[PDB]
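Note that the numbering runs from 1 along the sequence shown for the chain.
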Amino acid sequence: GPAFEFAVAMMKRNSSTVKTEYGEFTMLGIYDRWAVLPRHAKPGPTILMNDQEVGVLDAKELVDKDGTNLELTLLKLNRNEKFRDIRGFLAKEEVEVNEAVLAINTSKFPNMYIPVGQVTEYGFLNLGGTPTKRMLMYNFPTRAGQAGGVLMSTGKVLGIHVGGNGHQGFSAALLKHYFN
């Protein structure tokens, strides 16, 4: 319940629905004009954010110190409004919790919240042929179109959902140092 209340408030304050040429995704704004999308959203020079064209001034595909994919792309938007700064909800390291909620908001899944239970730091996954690290894992019946969803627990933003296989979902851990 507390995770759900936290999630609804967080989504209302910091999330949007985004379309890139590669698909439709939930997008979380972090601070200033920096937001995050799963890497496979492959944003171009402009995105559609809540049905409106928004320019992308910079983008950074995140990899670790040895170039290993982290499956996140940070984007700096050409926007006057600043995101409410939620870096205080981002952990310095991968978070494990017993009860989390995954929040999605797209035209396919509007305002939907899913209790996913326990989140575990799984670490390495080969995603489509791409070695990837810092993966958080949780179980629920996954569906296409959920990437970009926000994984949260009471007082914490844990990660961004990047993929699912059957009843297994996974998020890239959303770490504080990615935003300074």
Side-chain angles (χ1 to χ4, degrees), residues 3 6-7 9-11 13-18 20 22-23 25-47 49 54-79 81-97 100-106 116 119-128 130-138 146-164 169-180:
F6 176 82
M10 176 61 67
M11 295 303 276
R13 192 70 167 98
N14 281 74
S15 83
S16 56
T17 301
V18 161
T20 68
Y22 283 77
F25 301 86
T26 298
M27 180 169 84
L28 188 68
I30 309 300
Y31 79 108
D32 288 354
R33 287 82 177 190
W34 283 104
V36 185
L37 285 173
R39 187 176 192 172
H40 63 267
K42 297 170 187 290
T46 70
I47 58 171
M49 183 181 177
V54 173
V56 179
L57 298 171
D58 190 20
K60 191 177 180 172
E61 299 187 279
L62 299 190
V63 297
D64 75 8
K65 67 160 81 78
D66 285 304
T68 308
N69 181 223
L70 295 168
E71 198 55 26
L72 294 174
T73 290
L74 308 190
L75 53 176
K76 183 194 205 79
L77 306 180
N78 185 7
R79 186 162 186 251
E81 181 179 340
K82 291 188 293 169
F83 294 120
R84 175 265 305 239
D85 183 355
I86 57 162
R87 286 176 292 181
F89 299 102
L90 305 183
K92 296 185 178 196
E93 58 186 300
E94 298 87 325
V95 298
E96 293 202 329
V97 70
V101 169
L102 177 63
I104 296 140
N105 188 43
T106 68
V116 301
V119 174
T120 57
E121 180 187 346
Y122 197 72
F124 181 93
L125 284 184
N126 185 308
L127 297 185
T130 302
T132 300
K133 281 178 185 184
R134 303 188 187 152
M135 296 280 93
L136 307 179
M137 187 170 281
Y138 34 95
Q146 295 179 328
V150 189
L151 182 71
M152 291 176 273
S153 60
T154 306
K156 303 175 188 171
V157 174
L158 301 210
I160 300 302
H161 185 75
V162 299
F170 38 91
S171 276
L174 196 56
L175 302 184
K176 194 196 296 297
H177 78 274
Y178 298 160
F179 300 97
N180 281 11

Which heavy atom of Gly148 sits nearest a heavy atom of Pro38, and at what distance? N-CG, 3.4 Å
Could you tell me whether the side chain of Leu72 reaches within less than 4.5 Å of the side chain of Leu174, counting heavy atoms only? yes
Going from CD1 on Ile47 to CG on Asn78, what distance comes out if it is rounded to the nearest 0.5 angstrom? 10.5 Å
Would you indicate whether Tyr122, at its atom OH, is surrounded by more than 12 heavy atoms from other residues, nucleotides or ligands within a distance under 6.0 Å? no
Heavy atoms, side chains only, cut-off 4.5 Å: are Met10 and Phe89 in contact? yes
Do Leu75 and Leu37 have side-chain heavy atoms sitting under 4.5 Å apart? yes
From CG (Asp64) to CG (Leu70), nearest 0.5 Å: 5.5 Å
Are the side chain of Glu94 and the backbone of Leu136 linked by a donor-acceptor contact shorter than 3.5 Å? no
Answer whether the closest heavy-atom distance between the side chains of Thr154 and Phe6 falls below 4.5 Å. no
Heavy-atom nearest pair, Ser153 first then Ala3, reads CA-CB, 3.9 Å
Considering all heavy atoms of both residues, which atom of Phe83 and which atom of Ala35 are nearest to each other, and what is their separation? CE1-CB, 3.9 Å
I'd like to know if the side chain of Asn14 reaches the main chain of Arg84, judged simply by a donor and an acceptor atom lying under 3.5 Å from each other, with no hydrogens or angles considered. yes
Distance, nearest 0.5 Å, that separates CG of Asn69 from NZ of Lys133: 11.0 Å
Locate the shortest heavy-atom distance separating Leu151 from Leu102; write the atom from each residue and the value. N-CD1, 4.0 Å
Does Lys176 NZ have over 12 foreign heavy atoms under 6.0 Å away? yes
Check whether any side-chain N or O of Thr46 sits under 3.5 Å from a backbone N or O of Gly55 as a donor-acceptor pair, and report yes or no. no
Tell me the closest heavy-atom pair linking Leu127 and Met135, and the distance in Å. CD1-SD, 4.1 Å
Test side-chain contact (heavy atoms from CB on, under 4.5 Å) on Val63 and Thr68 and set out the steps. CA-CA 5 Å; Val63 297; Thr68 308; 5.9 Å; no
Are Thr73 and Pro43 close enough that some pair of their side-chain heavy atoms sits under 4.5 Å apart? yes
First locate atom CG of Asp85, then atom CH2 of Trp34, and finally report the distance between them rounded to the nearest 0.5 Å. 14.0 Å
Side-chain touch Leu125/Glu71, heavy atoms, less than 4.5 angstrom: no
Correct closest heavy-atom pair for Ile104 and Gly149 would be CG1-CA, 4.2 Å
Check the pair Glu121, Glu93 against side-chain contact (heavy atoms from CB on, under 4.5 Å), reporting the backbone distance first and the verdict last. CA-CA 10 Å; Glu121 180 187 346; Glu93 58 186 300; 5.9 Å; no
Say you draw a straight line from NE2 of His177 to CG of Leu90; how long is it, rounded to the nearest 0.5 Å? 11.5 Å
Looking at side-chain heavy atoms only, is the closest gap between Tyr178 and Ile30 below 4.5 Å? no
Is a side-chain N or O of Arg33 found less than 3.5 angstrom from the main chain of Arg79, in a donor-acceptor match? yes
Over-ring placement of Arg87 relative to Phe179, 6.0 Å and 45° cut-offs: no
Would you mind reporting whether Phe170 and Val162 have side-chain heavy atoms less than 4.5 Å apart? yes
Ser16 side chain to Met49 backbone, donor-acceptor under 3.5 Å: no
Between the main-chain N or O of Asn105 and the side-chain N or O of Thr26, is there a donor-acceptor pair closer than 3.5 Å? yes
Is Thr132 reaching over with its side chain to a backbone N or O of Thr130, donor-acceptor style, under 3.5 angstrom? yes
Decide side-chain contact (heavy atoms from CB on, under 4.5 Å) for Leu28 and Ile86; before the verdict, give the C-alpha distance in whole Å, the side-chain angles of both, and the deciding distance to 0.1 Å. CA-CA 10 Å; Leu28 188 68; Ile86 57 162; 3.7 Å; yes
